[PDB]
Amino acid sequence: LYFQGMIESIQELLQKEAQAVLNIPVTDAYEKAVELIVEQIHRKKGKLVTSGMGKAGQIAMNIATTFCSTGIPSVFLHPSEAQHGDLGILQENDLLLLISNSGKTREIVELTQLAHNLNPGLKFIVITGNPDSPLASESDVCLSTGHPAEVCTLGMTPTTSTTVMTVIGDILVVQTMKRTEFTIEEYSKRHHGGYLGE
């Protein structure tokens, strides 16, 4: 007896997604992560290596690009592909940013072990839905999503979790760029001229 129009259904989705974003835990973990990024990339001239699987990995891809776009060299390392030679992308002073909703993604656990064997000094920041997970407990810094309910009709498909992860990405980029004092001239050098209205 209770028809709901598509518009109203979508407005509720907006409220749920917006609420998930408002609920992102904000602790001194952010300051610690931003300090690591500034120290390792901006000062020591390493690069930020991001990784994840599935939709979470695609957010990691987007975070690497946003950092490149804001003067923090960054590359996505596919965690399966790492095991077939791509691990050799790693250089001295690099920093890892890993995304794992579960905190126990097989390829990410495997990547951390292999990366540590190659360079035990490498640090990692983890973005996860589960701060009690192995990856979270082993991380140098753990950023939690707050573990919002997915808006998937089955409660399963990454939706609100991935929206939260992209915001955590934005936060890291914006706080870092404030510290590095990234300029509009440096922005222009990393983009085609249309970005400056030329």
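Numbers follow the displayed sequence, beginning with 1.
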Going by the average Cα B-factor in the PDB entry, point out whether 63-71 or 136-144 comes out higher. 136-144
Stretch with the higher entry mean CA B-factor, where the candidates are 82-90 and 115-123: 115-123
Residue 27 CA temperature factor, ranked by third within the chain: highest
Consider only the C-alpha atoms of the modelled residues in this chain, order them by B-factor as the entry records it, and name the third containing residue 11: lowest, middle or highest. middle
Against its chain's modelled residues, does residue 131's Cα B factor rank lowest, middle or highest third? highest
Give the position of residue 190 by CA B-factor within its chain, expressed as the lowest, middle or highest third. lowest
Chain-relative CA temperature factor third for residue 173: lowest
